[PDB]
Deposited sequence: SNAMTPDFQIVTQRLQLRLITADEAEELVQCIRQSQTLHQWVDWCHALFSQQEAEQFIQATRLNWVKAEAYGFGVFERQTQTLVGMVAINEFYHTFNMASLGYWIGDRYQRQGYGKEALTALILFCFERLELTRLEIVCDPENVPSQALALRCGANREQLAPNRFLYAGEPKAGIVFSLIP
């Protein structure tokens, strides 16, 4: 891991979003009918702040929030992240959000599968959890498309706007 570390697939480049890409992150949200209701943090200065925070977590090795960029055009299509490592259990927490138009092209499955393979092959983790908002069906459908298994509807399972909400837990094992 360095800030230069990328996961690259046939069509996509997974990497840190840079400070100079705040405009690109703003476009990604502004263009989506629905993302605004699921992503926590809409100003370019808010975009800048989010980018700076994500970098800090990456360099501190606490979380790896990858922007997902289309390799040909360099447009930002979404994000996939390792949100939290749980080293005691050789496990981690994943999150993601992909723009509506890019899911249609299979970018969500390509990006999230890249991250899952990195976790299992490279990091040698033996379990991953995805937590979906019960009201966000496309996010659930993507988890299932990547081979996740639904487990529980769990109370207080994740934070939105600093408050806790019931989330659906999906798992992946190698």
Stretches with no C-alpha position, numbering per deposited sequence from 1: 1-3, 45-48
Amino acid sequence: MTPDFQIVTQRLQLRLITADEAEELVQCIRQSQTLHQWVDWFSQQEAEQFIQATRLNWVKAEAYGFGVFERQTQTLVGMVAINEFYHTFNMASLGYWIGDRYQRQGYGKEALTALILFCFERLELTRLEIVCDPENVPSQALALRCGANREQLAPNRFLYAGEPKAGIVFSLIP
From here on, numbers count along this sequence of modelled residues.
Stretch with the higher entry mean CA B-factor, where the candidates are 8-16 and 155-163: 155-163
Chain thirds of CA B-factor: placement of residue 110: lowest
For residue 95, the third of its chain into which the C-alpha B factor falls: middle
Entry-reported Cα temperature factor of residue 52, expressed as the chain third it lands in: middle
Where the record places residue 148 (Cα B-factor, split into thirds across the chain): middle
Residue 38 CA temperature factor, ranked by third within the chain: highest
